[PDB]
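# Residue-level structure breakdown
Residues per chain, in single letters:
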Amino acid sequence: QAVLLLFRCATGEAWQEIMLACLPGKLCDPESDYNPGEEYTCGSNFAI
Amino acid sequence: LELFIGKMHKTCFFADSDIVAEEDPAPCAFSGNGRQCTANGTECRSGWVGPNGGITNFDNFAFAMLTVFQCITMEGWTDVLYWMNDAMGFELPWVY
Amino acid sequence: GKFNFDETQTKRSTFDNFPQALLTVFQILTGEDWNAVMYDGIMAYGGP
Amino acid sequence: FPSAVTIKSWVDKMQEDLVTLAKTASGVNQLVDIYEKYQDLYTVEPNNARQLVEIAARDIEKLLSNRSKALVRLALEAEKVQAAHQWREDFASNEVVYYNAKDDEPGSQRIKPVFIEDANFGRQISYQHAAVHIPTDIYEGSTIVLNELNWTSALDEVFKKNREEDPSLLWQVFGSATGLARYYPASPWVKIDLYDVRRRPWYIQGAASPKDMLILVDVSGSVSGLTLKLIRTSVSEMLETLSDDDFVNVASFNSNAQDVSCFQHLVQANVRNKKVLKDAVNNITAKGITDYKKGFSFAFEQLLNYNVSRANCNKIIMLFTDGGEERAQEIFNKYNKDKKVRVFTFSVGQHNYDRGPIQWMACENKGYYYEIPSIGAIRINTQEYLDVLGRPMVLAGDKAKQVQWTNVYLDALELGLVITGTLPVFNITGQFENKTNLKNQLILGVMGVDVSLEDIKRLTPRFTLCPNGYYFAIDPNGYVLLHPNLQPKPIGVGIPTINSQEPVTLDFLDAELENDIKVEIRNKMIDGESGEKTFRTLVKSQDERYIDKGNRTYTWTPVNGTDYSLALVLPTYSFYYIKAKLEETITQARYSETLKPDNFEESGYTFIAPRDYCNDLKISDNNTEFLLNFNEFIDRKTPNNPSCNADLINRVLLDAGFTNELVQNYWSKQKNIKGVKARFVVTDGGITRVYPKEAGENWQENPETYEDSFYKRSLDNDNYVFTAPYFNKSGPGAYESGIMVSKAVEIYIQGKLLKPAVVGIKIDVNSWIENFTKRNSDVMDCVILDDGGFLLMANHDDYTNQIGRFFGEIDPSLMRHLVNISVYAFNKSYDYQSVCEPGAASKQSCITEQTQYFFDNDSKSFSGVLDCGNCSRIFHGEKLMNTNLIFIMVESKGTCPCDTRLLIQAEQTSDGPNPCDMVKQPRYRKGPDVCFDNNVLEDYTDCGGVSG
Ligand SMILES: *[C@@H]1O[C@H](CO)[C@@H](O[C@@H]2O[C@H](CO)[C@@H](O[C@@H]3O[C@H](CO)[C@@H](O[C@@H]4O[C@H](CO)[C@@H](O)[C@H](O)[C@H]4NC(C)=O)[C@H](O)[C@H]3NC(C)=O)[C@H](O)[C@H]2NC(C)=O)[C@H](O)[C@H]1NC(C)=O
Ligand SMILES: *[C@@H]1O[C@H](CO)[C@@H](O[C@@H]2O[C@H](CO)[C@@H](O[C@@H]3O[C@H](CO)[C@@H](O)[C@H](O)[C@H]3NC(C)=O)[C@H](O)[C@H]2NC(C)=O)[C@H](O)[C@H]1NC(C)=O
Ligand SMILES: *[C@@H]1O[C@H](CO)[C@@H](O[C@@H]2O[C@H](CO)[C@@H](O)[C@H](O)[C@H]2NC(C)=O)[C@H](O)[C@H]1NC(C)=O
Ligand SMILES: *[C@@H]1O[C@H](CO)[C@@H](O[C@@H]2O[C@H](CO)[C@@H](O)[C@H](O)[C@H]2NC(C)=O)[C@H](O)[C@H]1NC(C)=O
Ligand SMILES: *[C@@H]1O[C@H](CO)[C@@H](O[C@@H]2O[C@H](CO)[C@@H](O)[C@H](O)[C@H]2NC(C)=O)[C@H](O)[C@H]1NC(C)=O
Ligand SMILES: *[C@@H]1O[C@H](CO)[C@@H](O[C@@H]2O[C@H](CO)[C@@H](O)[C@H](O)[C@H]2NC(C)=O)[C@H](O)[C@H]1NC(C)=O
Ligand SMILES: *[C@@H]1O[C@H](CO)[C@@H](O)[C@H](O)[C@H]1NC(C)=O
Ligand SMILES: [Ca+2]
Ligand SMILES: [Ca+2]
């Protein structure tokens, strides 16, 4: 799935829209192990 | 045409109604393989015009001609791919 | 003037006048969202 | 086929087989003996139809004079308090404190109240402060809203002061032009909230004077698409700001100007006419070129008609377009050079056309300019035209401070049917020296105080009148402020076909059966002249199944306080009434003992009418516990009745002794009768009794005597009345109840006729069959119908199974012939307040057509032959004496193989009457005589675009 996403960006489909979706203020799926009391933490400023 | 024809025709309406549940509908599974709308008040069956109002589908040679030429210019080709991961599984469409 | 079939939104890439039709042709020339304009042209003449 | 002579004798035999049983078992003449032989426990008092209406009108006028003083005391203080406001722009330090409705802040602090429950208020209220409602689309905490919450905080003291003088005061509300509404007492607000005080009918009438609108819709090609959907929604939203006093018409133009509907001129803009316009506006298509000259000539010609009834007030044109380059200066110069007509222009949609000419038309003709780019702008921009129309109203001064009253509408806070007083509030800051005068030509807001229709009904008592007598009040428009047939439901229009903000405006001619003599009575009431008239009507029964004719007398006078007119309907035999006169102890205590449920074994199952004797005894609307509450109240209280009237209590107590003297001395002697299943007496006092206590379980009648359909039918008729049981197994009524027969008792005291009670029996259906036969014949049919064509007896054991059914639903060929040969007449009516089942294109409200049948001719012997086609059936109908029954004998329907369409007499959903031809000859009405427009001191220099 990650490789297909990069192939999507290689052709330039909505690569700027994907980048905006990876900024820090994003929800994390419950399957991940994260400390309680913080939900919108995953995502990094390195997405730019 | 051979791998798939008329598959993108099952979107999820509301129960006992003819109103599409979501504002930007996407197909369900053809036969229990792709995507199912899990919303409680909705169920999906046949009777949908299509993803782009009927323009984007593979149910005719003229339509198949137009959809493929759209994907060969790399403009809106993931939308056709993503509508297939809903209509059928994730295994077949990505190769095509 | 044939892009007024939606009755729920205002299309911005139209051919209403020469300055706007000149921008739409330029946008199709770059290839960005050229299919979205094509769908409007098809739906303006009856549909699929 | 038996001869006429021999069949006459057969039906003649059944006449005294039924009448004698009902004359003896019920005891019609015995109750008359009881009433006449005393003549000392009661007195016959005159019931003057002129003095009653005079008294009631003055009480109603005084009620609306209580409220007019409250409105003046509130509007006067609001102007003074607002004039001393400083308009600061920082409330973070000096925070405002108030209670906001619909709650569980830069410069606002909230209040948590106590909300104790109270009577005459179906909610929880608090008298300690006032509640403030702010619409969702309006952000509280802005400079405009916060500045409004200061000078409106001084209204609470006046709110409390008004309630102290008049405790029986309902909602008193201030509707601001900023949007917020502050009402007293505080109460939480009642899906999402869409209430706006500025769009309410009571706010709109006080914001301006009536108007003659003419909406021009641009339907040229360029408006096709989104900007046409916006226009259609904008026109429908502006029609909601109109009432029965405004006249409107909608026209469209695209190279040709034409009407969008069937009206062709200005119409009254009531709930039905506006539905026609709204339907037509939602069906217009965009095509062609734009022609403002032809569109404005058509609009200006329709405002000069003067064949038709108009408002003779503000004449305005609302142009709904997008843009263009035509100014049509020649048309404006020709048609209004003296600026007698305002022009309001709207630029609707997302476009980049030229708005210059559109703005020029706005203030060249004393209008204002609006922009509606999206759906969110429709709600507010279509109500801002009332700011311009109120400019001459504020320049008039104190002569424009007149209290007006709305139509009947359902209160927003779930209080019932109410009317509202109205008074505008002016901005008089700097008016002492007259130095600003720029923002002072707009109203601050509209005052309001609510009056319940139940308050009006308390001033017109009806328990001294016959159950057939009633009051009713009228409006200059013809609508009824007061009527027995007015119900707390919205009035429906058309057919509801889907895959309560309107007023309940019921016309007088639609409240009851319309007649050529009521129309002249209605017109005489509308223009306010007192009079009286005695004449023969035909009256629809309480249950819409029967129609009977009787003498009626209408006495009306105008109420000088307002524009209302009050009338009292009083039949004959009711100009006198029985007034109980007894103050002795033991003669009243014994009568009270007859109400005890444990005494029902010998005194019969006794009911009692849930009447408001006085406050500490509250009605229960079931009579299972009200009787226990009532009889344990009188004994556990001083008999002198210190706090409430004995007239309503002495009457019911007096009739307890009278009915008991009939049940004990006469009904107890004959414990059982073969042809009798029950024995009932219903009295004017409000008590009904059934001698077999086990037969009291089958009683389906209303415990309130005045609401009993069979009681009212018996008084009008001079003979026995047969009541048909309901069909469709609506409870147990087929065989275990019986057939109701009743007859009113008539007594003479000093030569004055009185009808205090009705008596009757429930004849057993099974016993009637045995006498009727002395059966299931395949050749001859024998059925008995009552006045109304309802089956009561039969000769097949199959028709009897479907008892109490309209004879047109079981034998359409014979029933239809009886109408044509003038045996049964029928009047058709429309019911505008009824539950209605939706149809394909819960329940909604629509119009249902009601039809009732009654005896046309006075002849009794009927005979003839029915020609259904290639066959022949001969009949003979004879009517029984001293009753409303008819006996008809026909051959079996199987002989002639014809079964035509069945004749239906039931609640039929309809959409009539047609309003296209109603407006050609509209009912007479009188409009307001005060008109505030065309003031020379008006500024109108801010066209619509000073800020853009
Ligand atoms: C009854 O009528 C009186 C006048 O007859 C009226 O009182 C006047 O109220 C206005 C505000 O509604 C005051 O206006 C002051 O001056 C300007 C006008 O807006 C404001 O400055 C900015 O102006 C821009 C204009 O584009 C505006 O967008 C902005 O919001 C304003 N404020 C800013 C930038 O902070 C002043 O702030 C405003 N207030 C002052 C100076 O305190 C008049 O001064 C008032 N005149 C008098 C004589 O009192 C009163 O509101 C009317 N009653 C009602 C209920 O409306
Ligand atoms: C809009 O808000 C204003 C600010 O809160 C209110 O004005 C303030 O009201 C206070 C209560 O009456 C005043 O306090 C006292 O006022 C008396 C009367 O003149 C004086 O003794 C003093 O000013 C003061 N007493 C003290 C401090 O011991 C405030 O003076 C007054 N003004 C301010 C705070 O600037 C308005 O009342 C309110 N609008 C309305 C209509 O009430
Ligand atoms: C949506 O999912 C289910 C319904 O499909 C809800 O869970 C319960 O499902 C049963 C089975 O039909 C219902 O009878 C219950 O009423 C449902 N709710 C309960 C038990 O609280 C689930 O709650 C729904 N999610 C919502 C409404 O947010
Ligand atoms: C409304 O006002 C009128 C007149 O102002 C009242 O008419 C009075 O009628 C009585 C007899 O019906 C006359 O004796 C009086 O002379 C009349 N009044 C005057 C001023 O001449 C009428 O009574 C008033 N309505 C009510 C309900 O009181
Ligand atoms: C009603 O309005 C019309 C114009 O809208 C007036 O014009 C008259 O129309 C009638 C019918 O043809 C005729 O009398 C004449 O043709 C018109 N002129 C006159 C002087 O009558 C009409 O006068 C208005 N009033 C009435 C009562 O019809
Ligand atoms: C209600 O009563 C009867 C229903 O049958 C009708 O009145 C009669 O109408 C016929 C036909 O026009 C006339 O010949 C009779 O003279 C009428 N009876 C009268 C005037 O007593 C009609 O449907 C209604 N009557 C009204 C509206 O007056
Ligand atoms: C209110 O109206 C009544 C009549 O209904 C009258 O008697 C009274 O004086 C009026 N005023 C007050 C304060 O009650
Ligand atoms: Ca692209
Ligand atoms: Ca145009």
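The record for the entry shows the title "Human L-type voltage-gated calcium channel Cav1.3 at 3.0 Angstrom resolution".

Time to look at the coordination of the calcium ion (ligand 8). Looking at the calcium ion (ligand 8), one finds its protein donor set to be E75(B) (OE), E75(B) (OE) and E32(C) (OE), positioned 2.5 to 2.8 Å from the metal centre. Of this pair, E75(B) sits in the loop between α1 (61-72) and α2 (77-87) while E32(C) sits in the loop between α1 (18-30) and α2 (34-43), placing the two residues on different chains. On the accessibility criterion, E32(C) (38% relative accessible area) is partly exposed.

With that settled, consider the site of ligand 4. Residues and elements named next belong to chain D. The full set of residues close to ligand 4 is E54, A57, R58 and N560. Interatomic distance of 2.2 Å between a side-chain N/O atom of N560 and an oxygen atom of ligand 4. Within the complex, the protein chains bury 30% of what would otherwise be the 570 Å² of accessible surface of ligand 4. Along the lines of polarity and charge, the residues of the shell around ligand 4 split into one nonpolar, one polar and two charged.

Residue and element names in this part refer to chain D. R88, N94, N150 and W151 make up every residue found near ligand 2. Contact distances for ligand 2 include 2.8 Å between an oxygen atom and a side-chain N or O atom of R88. Protein coverage of the free-state accessible area of ligand 2, which is 770 Å², stands at 25%. Broken down by class, the residue content of the shell around ligand 2 amounts to one nonpolar, two polar and one charged.

When the charged atoms of two side chains lie near each other, side chains of opposite charge can form a pair. Residues and elements named next belong to chain D. One pass over the full model with this rule turns up 41 salt bridges over all chains. Note that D455 is salt-bridged to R458, the shortest N-O span being 2.3 Å. Of this pair, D455 and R458 both sit in helix α15 (residues 453-458), separated by three residues, roughly a single helical turn. Residue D455 is classed as buried on the basis of its relative accessible area of 11%. The partner of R611 in a salt bridge is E704, and the shortest N-O contact between them spans 3.3 Å. Linking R611 in the loop between β25 (605-606) and α20 (626-634) with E704 in the loop between β27 (688-690) and α22 (709-716), this pair joins segments that are 93 residues apart in sequence. Residue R611 is classed as buried on the basis of its relative accessible area, which comes to 3%. The buried category is assigned to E704, whose relative accessible area is 9%. Counted as one network, the salt bridges with shared partners bring together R67, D166, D455 and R458.

The next thing to look at is the coordination of the calcium ion (ligand 9). All names here are of chain D. Around the calcium ion (ligand 9), the protein contributes the donor atoms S220 (OG), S222 (OG) and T290 (OG1), at 2.4 to 2.6 Å from the metal centre. Coordination of the calcium ion (ligand 9) draws on donor residues from a single chain, spaced S-x1-S-x67-T in sequence. Taken together, the positions of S222 in the loop between β9 (211-218) and α7 (226-238) and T290 in the loop between α8 (271-281) and α9 (292-302) put the pair 68 residues apart, joining distant regions of the chain. Judged by relative accessible area, which is 33%, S222 ranks as partly exposed.

Here the focus is the state of the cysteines. Considering all chains together, one arrives at nine disulfides over all chains under this definition. Sulfur-sulfur distance for the disulfide between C12(B) and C37(B) comes to 2.0 Å. Linking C12(B) and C37(B), the disulfide has an S-S dihedral of approximately -65° and is accordingly described as left-handed. You can see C12(B) sitting in strand β1 (residues 10-14) and its partner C37(B) sitting in the loop between β1 and β2 (42-46), a full 25 residues away along the chain. Each of the two residues, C12(B) as well as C37(B), counts as buried. Put simply, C614(D) and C644(D) are joined by a disulfide, and their sulfur atoms are 2.0 Å apart. Here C644(D) lies in the loop between α20 and α21 (647-667) and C614(D) lies in the loop between β25 and α20, a separation of 30 residues in the sequence. For the pair formed by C614(D) and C644(D), the shared burial category is buried.

What counts and how
Residues numbered from 1 in each chain as written, not as in the entry; some residues may be left out. Chains lettered and ligands numbered in written order. Part of a larger assembly, values for the part shown. Heavy atoms only, no water. Donors = N, O, S within 2.8 Å, 3.2 Å for Na, K, Ca; no water. Helix = DSSP H or I, 4+ residues; strand = E, 2+ residues; numbered from the N terminus. Buried < 20%, exposed > 50% of the residue type's maximum accessible area, 1.4 Å probe, protein only. Near = heavy atom within 4 Å. Polar contact = N/O pair within 3.5 Å; in protein donor to acceptor, adjacent residues only side chain to side chain. Areas by Shrake-Rupley, 256 points an atom, 1.4 Å probe, with all protein chains shown as cover. Nonpolar A, V, L, I, M, F, W, Y, C, P; charged D, E, K, R; others polar. Salt bridge = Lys/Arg side-chain N within 4 Å of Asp/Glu carboxyl O. Disulfide = S-S within 2.5 Å.

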